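In the form described as "closed state" in its entry title, a lone chain appears below as C-alpha coordinates.
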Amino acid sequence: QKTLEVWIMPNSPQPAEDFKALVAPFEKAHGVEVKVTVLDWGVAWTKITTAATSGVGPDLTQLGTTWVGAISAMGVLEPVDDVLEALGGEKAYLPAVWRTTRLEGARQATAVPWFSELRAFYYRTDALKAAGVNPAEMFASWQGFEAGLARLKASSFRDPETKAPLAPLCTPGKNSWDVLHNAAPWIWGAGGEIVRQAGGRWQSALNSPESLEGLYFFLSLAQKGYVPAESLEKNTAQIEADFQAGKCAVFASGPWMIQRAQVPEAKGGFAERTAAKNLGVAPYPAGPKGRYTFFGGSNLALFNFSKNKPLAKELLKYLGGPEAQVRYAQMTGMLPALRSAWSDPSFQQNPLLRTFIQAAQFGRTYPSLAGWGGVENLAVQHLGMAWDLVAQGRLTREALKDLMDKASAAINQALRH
(Lines give C-alpha, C1' and ligand atoms only; values in the text may rest on other atoms or scores of the structure.)
Protein backbone atom coordinates (compact mmCIF):
# COMPACT_ATOMS: atom_id res chain seq x y z
CA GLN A 1 0.00 0.00 0.00
CA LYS A 2 2.42 2.85 1.13
CA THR A 3 3.91 4.66 -1.93
CA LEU A 4 5.93 7.85 -2.70
CA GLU A 5 6.33 9.55 -6.10
CA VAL A 6 9.72 11.11 -6.97
CA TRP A 7 10.68 13.17 -10.05
CA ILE A 8 14.36 13.01 -11.15
CA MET A 9 16.35 14.33 -14.13
CA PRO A 10 18.72 12.05 -16.13
CA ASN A 11 21.66 12.02 -13.69
CA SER A 12 22.94 8.44 -14.38
CA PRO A 13 23.33 6.10 -17.39
CA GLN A 14 19.95 4.29 -16.63
CA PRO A 15 18.16 6.98 -14.63
CA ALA A 16 14.98 5.23 -13.26
CA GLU A 17 16.71 1.83 -12.79
CA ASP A 18 19.73 3.35 -11.00
CA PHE A 19 17.43 5.40 -8.72
CA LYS A 20 15.34 2.21 -8.03
CA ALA A 21 18.55 0.36 -6.96
CA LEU A 22 19.55 3.38 -4.75
CA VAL A 23 16.26 3.36 -2.81
CA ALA A 24 15.74 -0.52 -2.71
CA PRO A 25 17.18 -0.75 0.89
CA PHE A 26 14.78 2.04 2.05
CA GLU A 27 11.79 0.38 0.24
CA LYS A 28 12.53 -3.00 2.03
CA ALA A 29 13.01 -1.39 5.56
CA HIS A 30 9.79 0.72 5.42
CA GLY A 31 7.53 -1.39 3.15
CA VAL A 32 7.13 1.50 0.67
CA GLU A 33 7.23 1.50 -3.17
CA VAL A 34 9.03 4.63 -4.48
CA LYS A 35 7.69 5.36 -8.00
CA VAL A 36 10.18 7.41 -10.07
CA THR A 37 9.49 9.56 -13.19
CA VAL A 38 12.41 10.88 -15.24
CA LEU A 39 12.09 14.43 -16.68
CA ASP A 40 14.68 15.62 -19.19
CA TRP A 41 16.33 18.92 -18.15
CA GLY A 42 14.70 20.81 -21.09
CA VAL A 43 11.13 20.13 -19.80
CA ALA A 44 11.91 19.98 -16.04
CA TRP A 45 11.23 23.74 -15.43
CA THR A 46 7.82 23.58 -17.23
CA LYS A 47 6.83 20.32 -15.43
CA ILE A 48 7.95 21.44 -11.96
CA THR A 49 6.26 24.91 -12.29
CA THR A 50 3.02 23.24 -13.52
CA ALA A 51 3.12 20.96 -10.43
CA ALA A 52 3.61 24.13 -8.27
CA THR A 53 0.76 26.17 -9.94
CA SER A 54 -1.67 23.16 -10.12
CA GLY A 55 -1.07 21.75 -6.57
CA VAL A 56 -0.82 18.26 -8.23
CA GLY A 57 2.51 16.41 -8.69
CA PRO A 58 5.02 14.09 -6.97
CA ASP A 59 5.92 13.94 -3.22
CA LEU A 60 9.65 14.76 -3.93
CA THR A 61 11.26 16.39 -6.94
CA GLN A 62 14.89 16.84 -7.86
CA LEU A 63 15.53 20.62 -8.07
CA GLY A 64 18.63 22.05 -9.77
CA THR A 65 20.42 24.18 -7.13
CA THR A 66 19.82 27.35 -9.24
CA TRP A 67 15.98 26.71 -9.10
CA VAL A 68 15.57 26.22 -5.31
CA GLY A 69 14.88 29.92 -4.65
CA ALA A 70 12.53 30.21 -7.63
CA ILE A 71 10.29 27.21 -6.66
CA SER A 72 10.48 28.14 -2.92
CA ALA A 73 9.24 31.68 -3.75
CA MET A 74 6.08 30.07 -5.32
CA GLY A 75 5.12 29.04 -1.71
CA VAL A 76 4.87 25.26 -2.64
CA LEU A 77 7.82 23.63 -0.75
CA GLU A 78 7.87 22.02 2.71
CA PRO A 79 10.44 23.36 5.20
CA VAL A 80 13.13 20.69 5.78
CA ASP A 81 15.22 22.34 8.58
CA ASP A 82 14.44 19.15 10.60
CA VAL A 83 15.96 16.84 7.90
CA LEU A 84 19.04 19.15 7.56
CA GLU A 85 19.60 19.11 11.38
CA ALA A 86 19.34 15.26 11.35
CA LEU A 87 22.13 15.26 8.62
CA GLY A 88 24.48 17.51 10.74
CA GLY A 89 23.13 21.03 9.95
CA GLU A 90 25.16 23.86 8.40
CA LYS A 91 28.57 22.33 9.31
CA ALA A 92 27.83 19.13 7.31
CA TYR A 93 27.94 21.19 4.00
CA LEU A 94 30.28 23.48 2.00
CA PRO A 95 28.97 27.07 2.37
CA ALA A 96 28.06 27.35 -1.41
CA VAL A 97 25.97 24.09 -1.05
CA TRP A 98 24.28 25.34 2.19
CA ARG A 99 23.11 28.56 0.36
CA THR A 100 21.31 26.31 -2.23
CA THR A 101 19.01 24.90 0.55
CA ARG A 102 16.85 28.09 0.53
CA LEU A 103 15.57 31.24 -1.16
CA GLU A 104 18.06 34.05 -0.31
CA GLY A 105 16.85 35.80 2.87
CA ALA A 106 14.37 33.00 3.87
CA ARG A 107 14.40 31.70 7.52
CA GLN A 108 13.52 28.09 6.51
CA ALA A 109 15.46 25.64 4.26
CA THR A 110 13.20 24.23 1.45
CA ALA A 111 15.58 21.68 -0.18
CA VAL A 112 18.04 18.92 0.91
CA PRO A 113 21.42 18.74 -0.86
CA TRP A 114 21.58 15.63 -3.08
CA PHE A 115 24.68 15.93 -5.35
CA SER A 116 27.21 18.59 -6.40
CA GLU A 117 28.83 19.15 -9.84
CA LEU A 118 31.11 21.83 -11.31
CA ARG A 119 32.58 22.40 -14.73
CA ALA A 120 35.97 21.74 -16.30
CA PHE A 121 37.25 20.94 -19.83
CA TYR A 122 37.51 17.40 -21.12
CA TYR A 123 40.15 17.02 -23.86
CA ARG A 124 41.36 14.27 -26.19
CA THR A 125 44.87 13.37 -24.88
CA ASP A 126 45.75 11.92 -28.37
CA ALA A 127 44.54 15.11 -30.20
CA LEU A 128 46.45 17.61 -27.96
CA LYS A 129 49.62 15.44 -28.03
CA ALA A 130 49.48 15.29 -31.90
CA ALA A 131 48.90 19.12 -32.09
CA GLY A 132 51.88 19.73 -29.71
CA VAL A 133 49.65 21.43 -27.10
CA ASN A 134 50.75 21.38 -23.42
CA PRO A 135 47.50 21.04 -21.37
CA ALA A 136 49.18 22.92 -18.44
CA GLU A 137 49.63 25.99 -20.74
CA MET A 138 46.36 25.72 -22.74
CA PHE A 139 44.15 25.74 -19.55
CA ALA A 140 46.30 28.32 -17.59
CA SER A 141 44.98 31.56 -19.19
CA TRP A 142 42.63 32.92 -21.91
CA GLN A 143 45.65 33.61 -24.17
CA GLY A 144 46.88 30.04 -23.59
CA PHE A 145 43.33 28.67 -24.29
CA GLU A 146 43.13 30.49 -27.63
CA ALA A 147 46.77 29.53 -28.50
CA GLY A 148 45.91 25.81 -27.95
CA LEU A 149 42.66 26.00 -29.97
CA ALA A 150 44.68 27.60 -32.83
CA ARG A 151 47.19 24.67 -32.75
CA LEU A 152 44.20 22.22 -32.61
CA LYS A 153 42.63 23.94 -35.70
CA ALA A 154 45.98 23.66 -37.65
CA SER A 155 46.64 20.01 -36.52
CA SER A 156 46.54 17.27 -39.24
CA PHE A 157 45.46 14.73 -36.54
CA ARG A 158 42.44 12.59 -37.59
CA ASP A 159 40.27 10.47 -35.21
CA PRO A 160 41.17 6.74 -35.63
CA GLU A 161 37.46 5.66 -35.93
CA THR A 162 35.99 8.73 -37.84
CA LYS A 163 39.10 9.13 -40.12
CA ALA A 164 38.22 12.88 -39.97
CA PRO A 165 39.68 15.92 -38.15
CA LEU A 166 38.24 16.97 -34.74
CA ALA A 167 36.66 20.43 -34.14
CA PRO A 168 38.94 22.14 -31.57
CA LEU A 169 36.02 23.12 -29.22
CA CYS A 170 32.33 22.11 -29.21
CA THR A 171 29.84 24.06 -27.05
CA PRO A 172 26.00 23.96 -27.20
CA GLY A 173 24.38 27.06 -28.67
CA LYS A 174 20.71 26.24 -28.04
CA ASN A 175 18.12 24.93 -25.52
CA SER A 176 20.22 23.77 -22.58
CA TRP A 177 20.55 25.59 -19.27
CA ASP A 178 24.28 25.00 -20.05
CA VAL A 179 24.06 27.81 -22.66
CA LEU A 180 24.18 30.07 -19.52
CA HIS A 181 26.41 27.87 -17.31
CA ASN A 182 29.02 27.60 -20.17
CA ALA A 183 29.07 31.45 -20.61
CA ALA A 184 29.22 32.25 -16.85
CA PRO A 185 32.97 31.50 -16.26
CA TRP A 186 33.91 33.81 -19.20
CA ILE A 187 31.66 36.55 -17.86
CA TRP A 188 33.02 35.99 -14.29
CA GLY A 189 36.69 35.71 -15.55
CA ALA A 190 36.40 39.24 -17.04
CA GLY A 191 35.05 40.60 -13.69
CA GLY A 192 31.41 40.50 -14.78
CA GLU A 193 28.34 38.77 -13.37
CA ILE A 194 24.88 37.56 -14.43
CA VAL A 195 23.09 39.84 -11.90
CA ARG A 196 23.94 42.59 -9.37
CA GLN A 197 22.17 44.31 -6.44
CA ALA A 198 21.18 47.91 -7.36
CA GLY A 199 18.60 50.11 -5.52
CA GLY A 200 18.12 47.17 -3.07
CA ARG A 201 16.79 44.89 -5.89
CA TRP A 202 18.62 42.43 -8.21
CA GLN A 203 19.03 43.22 -11.94
CA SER A 204 20.88 41.93 -15.02
CA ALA A 205 24.64 42.71 -15.25
CA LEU A 206 24.86 40.88 -18.64
CA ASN A 207 25.22 44.28 -20.44
CA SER A 208 27.95 45.56 -18.07
CA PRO A 209 31.28 46.27 -19.86
CA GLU A 210 33.13 43.30 -18.16
CA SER A 211 30.18 40.85 -18.70
CA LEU A 212 30.22 41.87 -22.45
CA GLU A 213 34.10 41.49 -22.61
CA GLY A 214 33.87 37.89 -21.26
CA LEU A 215 30.87 36.95 -23.44
CA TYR A 216 32.47 38.57 -26.53
CA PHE A 217 35.76 36.64 -26.01
CA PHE A 218 33.77 33.29 -25.70
CA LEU A 219 31.63 33.98 -28.82
CA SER A 220 34.78 35.14 -30.73
CA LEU A 221 36.15 31.58 -30.29
CA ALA A 222 33.36 30.46 -32.73
CA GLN A 223 33.84 33.54 -35.00
CA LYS A 224 37.54 32.47 -35.37
CA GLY A 225 36.46 28.92 -36.51
CA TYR A 226 37.51 27.11 -33.29
CA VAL A 227 33.85 25.97 -32.79
CA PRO A 228 32.04 24.48 -35.82
CA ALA A 229 28.87 26.34 -37.09
CA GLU A 230 26.88 23.06 -36.46
CA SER A 231 27.66 23.18 -32.63
CA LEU A 232 25.87 26.54 -32.35
CA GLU A 233 22.49 24.86 -33.12
CA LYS A 234 23.03 21.91 -30.70
CA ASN A 235 22.09 21.22 -27.06
CA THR A 236 24.13 19.66 -24.25
CA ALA A 237 23.29 15.97 -25.05
CA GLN A 238 24.22 16.52 -28.75
CA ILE A 239 27.64 18.10 -27.89
CA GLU A 240 28.30 15.22 -25.38
CA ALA A 241 27.39 12.78 -28.21
CA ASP A 242 29.73 14.69 -30.61
CA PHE A 243 32.63 14.36 -28.12
CA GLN A 244 31.89 10.60 -27.56
CA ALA A 245 31.75 10.11 -31.36
CA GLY A 246 35.27 11.62 -31.74
CA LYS A 247 34.20 14.90 -33.44
CA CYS A 248 35.57 17.43 -30.81
CA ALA A 249 38.98 17.78 -29.20
CA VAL A 250 37.71 19.85 -26.23
CA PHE A 251 34.41 20.51 -24.44
CA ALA A 252 33.14 21.75 -21.07
CA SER A 253 31.20 19.39 -18.81
CA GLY A 254 30.75 18.03 -15.28
CA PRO A 255 32.31 15.03 -13.59
CA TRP A 256 29.59 12.60 -14.83
CA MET A 257 31.44 12.01 -18.19
CA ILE A 258 34.32 10.19 -16.29
CA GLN A 259 31.66 7.62 -15.08
CA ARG A 260 30.04 7.42 -18.58
CA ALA A 261 33.54 6.70 -20.07
CA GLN A 262 33.76 3.43 -18.03
CA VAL A 263 30.38 1.95 -19.10
CA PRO A 264 29.42 0.35 -22.48
CA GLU A 265 27.00 2.13 -24.86
CA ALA A 266 24.27 -0.52 -24.16
CA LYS A 267 24.18 0.76 -20.51
CA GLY A 268 24.45 4.47 -21.53
CA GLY A 269 28.21 5.19 -21.66
CA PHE A 270 30.94 5.36 -24.39
CA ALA A 271 33.54 2.76 -23.23
CA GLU A 272 33.62 1.46 -26.91
CA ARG A 273 34.76 4.92 -28.21
CA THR A 274 38.38 6.21 -28.78
CA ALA A 275 37.49 9.28 -26.54
CA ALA A 276 37.08 6.92 -23.53
CA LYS A 277 40.76 5.66 -23.78
CA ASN A 278 42.03 9.21 -24.53
CA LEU A 279 40.34 11.31 -21.79
CA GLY A 280 41.99 14.30 -20.08
CA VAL A 281 40.47 16.91 -17.72
CA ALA A 282 41.81 20.48 -17.20
CA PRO A 283 40.31 23.38 -15.15
CA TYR A 284 38.87 26.56 -16.74
CA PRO A 285 41.72 29.00 -17.50
CA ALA A 286 42.15 32.16 -15.35
CA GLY A 287 40.63 35.22 -17.01
CA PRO A 288 41.93 38.80 -16.53
CA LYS A 289 40.11 39.08 -13.09
CA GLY A 290 40.71 35.52 -11.91
CA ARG A 291 39.63 31.89 -12.17
CA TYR A 292 35.98 30.85 -11.89
CA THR A 293 33.90 27.82 -12.86
CA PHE A 294 30.17 27.09 -12.53
CA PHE A 295 29.42 25.15 -9.31
CA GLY A 296 25.96 23.60 -9.07
CA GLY A 297 24.22 20.26 -8.49
CA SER A 298 20.71 19.20 -7.47
CA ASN A 299 18.76 19.18 -4.21
CA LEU A 300 15.60 17.29 -3.24
CA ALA A 301 12.39 19.14 -2.33
CA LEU A 302 9.07 18.01 -0.79
CA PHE A 303 5.87 19.60 -2.17
CA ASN A 304 3.92 21.08 0.78
CA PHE A 305 0.79 19.54 -0.87
CA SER A 306 2.30 16.00 -0.42
CA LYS A 307 -0.06 13.50 1.36
CA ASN A 308 3.01 11.64 2.75
CA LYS A 309 5.24 14.21 4.44
CA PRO A 310 6.66 12.15 7.36
CA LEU A 311 7.59 9.23 5.07
CA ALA A 312 8.94 11.65 2.34
CA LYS A 313 11.16 13.27 5.04
CA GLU A 314 12.47 9.78 6.00
CA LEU A 315 13.35 9.31 2.28
CA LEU A 316 15.00 12.78 2.25
CA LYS A 317 17.15 11.88 5.31
CA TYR A 318 18.08 8.57 3.62
CA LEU A 319 19.01 10.17 0.25
CA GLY A 320 20.94 13.05 1.93
CA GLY A 321 22.76 10.63 4.32
CA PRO A 322 26.31 9.23 4.02
CA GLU A 323 25.61 5.75 2.56
CA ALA A 324 23.11 6.86 -0.18
CA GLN A 325 25.30 9.96 -0.80
CA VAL A 326 28.35 7.83 -1.72
CA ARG A 327 26.24 5.28 -3.63
CA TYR A 328 24.44 7.80 -5.88
CA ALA A 329 27.69 9.72 -6.57
CA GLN A 330 29.31 6.36 -7.61
CA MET A 331 26.35 5.56 -9.94
CA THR A 332 26.04 9.08 -11.48
CA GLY A 333 29.69 10.28 -11.40
CA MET A 334 28.54 13.42 -9.55
CA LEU A 335 30.17 14.56 -6.23
CA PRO A 336 28.23 14.01 -3.00
CA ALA A 337 26.49 17.09 -1.59
CA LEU A 338 27.37 15.91 1.95
CA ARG A 339 30.95 17.18 2.82
CA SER A 340 31.94 13.99 4.73
CA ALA A 341 31.18 11.73 1.69
CA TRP A 342 34.08 13.34 -0.42
CA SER A 343 36.68 11.18 1.54
CA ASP A 344 35.36 7.80 0.11
CA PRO A 345 38.08 6.16 -2.15
CA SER A 346 35.59 6.10 -5.17
CA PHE A 347 36.27 9.94 -5.16
CA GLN A 348 39.78 10.36 -3.58
CA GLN A 349 41.37 7.52 -5.70
CA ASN A 350 39.99 8.89 -9.03
CA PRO A 351 42.60 11.09 -10.82
CA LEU A 352 40.29 12.78 -13.40
CA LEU A 353 37.82 13.44 -10.55
CA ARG A 354 40.64 14.97 -8.40
CA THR A 355 40.87 17.71 -11.09
CA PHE A 356 37.12 18.53 -10.40
CA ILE A 357 37.64 18.43 -6.58
CA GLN A 358 40.61 20.87 -6.94
CA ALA A 359 38.57 23.06 -9.37
CA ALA A 360 35.87 23.46 -6.60
CA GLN A 361 38.18 26.06 -5.00
CA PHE A 362 37.25 28.43 -7.98
CA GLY A 363 33.57 27.28 -7.94
CA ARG A 364 30.91 30.03 -8.11
CA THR A 365 27.08 29.89 -7.80
CA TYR A 366 24.26 32.25 -8.94
CA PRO A 367 22.37 33.90 -6.04
CA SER A 368 19.31 31.87 -4.99
CA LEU A 369 16.63 34.38 -6.25
CA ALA A 370 12.84 34.23 -6.91
CA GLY A 371 12.51 34.48 -10.70
CA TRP A 372 15.84 32.64 -11.40
CA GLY A 373 13.89 30.05 -13.47
CA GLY A 374 12.76 33.06 -15.59
CA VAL A 375 16.34 34.48 -15.70
CA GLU A 376 17.67 31.11 -17.02
CA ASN A 377 14.96 30.72 -19.74
CA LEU A 378 15.55 34.33 -20.89
CA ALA A 379 19.40 34.01 -20.69
CA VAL A 380 19.38 30.74 -22.70
CA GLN A 381 17.06 32.34 -25.30
CA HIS A 382 19.14 35.59 -25.67
CA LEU A 383 22.60 33.87 -25.49
CA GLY A 384 21.24 31.44 -28.17
CA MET A 385 20.63 34.56 -30.39
CA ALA A 386 24.19 35.77 -29.53
CA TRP A 387 25.48 32.46 -31.00
CA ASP A 388 23.23 33.17 -34.06
CA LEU A 389 25.11 36.50 -34.56
CA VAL A 390 28.27 34.32 -35.06
CA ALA A 391 26.62 31.85 -37.50
CA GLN A 392 25.09 34.88 -39.47
CA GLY A 393 28.52 36.74 -39.58
CA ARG A 394 26.90 39.69 -37.60
CA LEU A 395 29.03 39.45 -34.36
CA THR A 396 30.24 42.96 -33.38
CA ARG A 397 30.55 44.56 -29.92
CA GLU A 398 27.54 46.87 -30.56
CA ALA A 399 25.28 43.98 -31.86
CA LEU A 400 26.16 41.95 -28.69
CA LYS A 401 25.48 45.01 -26.52
CA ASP A 402 22.04 45.65 -28.15
CA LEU A 403 21.13 41.93 -27.65
CA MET A 404 22.28 41.85 -23.97
CA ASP A 405 20.33 45.13 -23.42
CA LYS A 406 17.20 43.22 -24.60
CA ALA A 407 18.22 40.26 -22.42
CA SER A 408 18.69 42.60 -19.41
CA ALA A 409 15.24 44.27 -19.87
CA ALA A 410 13.45 40.82 -19.92
CA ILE A 411 15.56 39.48 -17.02
CA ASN A 412 14.78 42.59 -14.84
CA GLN A 413 10.99 41.96 -15.44
CA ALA A 414 11.45 38.29 -14.28
CA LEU A 415 13.42 39.46 -11.12
CA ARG A 416 10.82 42.19 -10.20
CA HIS A 417 8.02 39.45 -10.29
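Note that the rigid core is defined as the largest set of C-alphas that superpose within 1.5 Å between two forms. Quick note: we count residues from 1 along the sequence shown, nothing fancier.
For the pair 44 to 52 and 61 to 69, the mean Cα B-factor is higher in 44 to 52. For the pair 235 to 243 and 337 to 345, the mean B factor over Cα atoms is greater in 337 to 345. The maximum CA B-factor among the listed residues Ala205, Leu169, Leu180, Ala229, taken from the PDB record, is found at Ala229. Of all the options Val281, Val326, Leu84, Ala198, the entry's greatest CA B-factor is assigned to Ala198. When the modelled residues of the chain are ordered by C-alpha B-factor, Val32 sits in the highest third.
In the deposited entry, the Cα temperature factor of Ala391 places it in the highest third of its chain's modelled residues. Annotation for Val133: C-alpha temperature factor in the highest third relative to the rest of the modelled chain, per the entry.
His382: CA B factor in the middle third of modelled residues in this chain (values from the PDB entry). Annotation for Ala150: C-alpha temperature factor in the highest third relative to the rest of the modelled chain, per the entry.
Beyond the structure shown, there is the form described as "open state" in its entry title, which is absent from this document and is the topic of what follows.
After superposition on the rigid core, the single residue among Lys289, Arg158, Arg201, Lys224 whose C-alpha moves by 2 Å or more between the shown form and the other one is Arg201. In a rigid-core overlay of the protein, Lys129 has its C-alpha displaced by under 2 Å between the shown form and the other one. After superposition on the rigid core, the Cα atom of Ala51 is displaced by 2 Å or more between the shown form and the other one. If you fit the rigid core between the shown form and the other one, you'll see the Cα of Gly363 move by less than 2 angstroms. CA of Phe362 to CA of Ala92: closer by 3 Å or more in that other deposited form than in the shown form. Relative to this form, the distance between the C-alpha atoms of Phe362 and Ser340 is reduced by at least 3 angstroms in that other deposited form.
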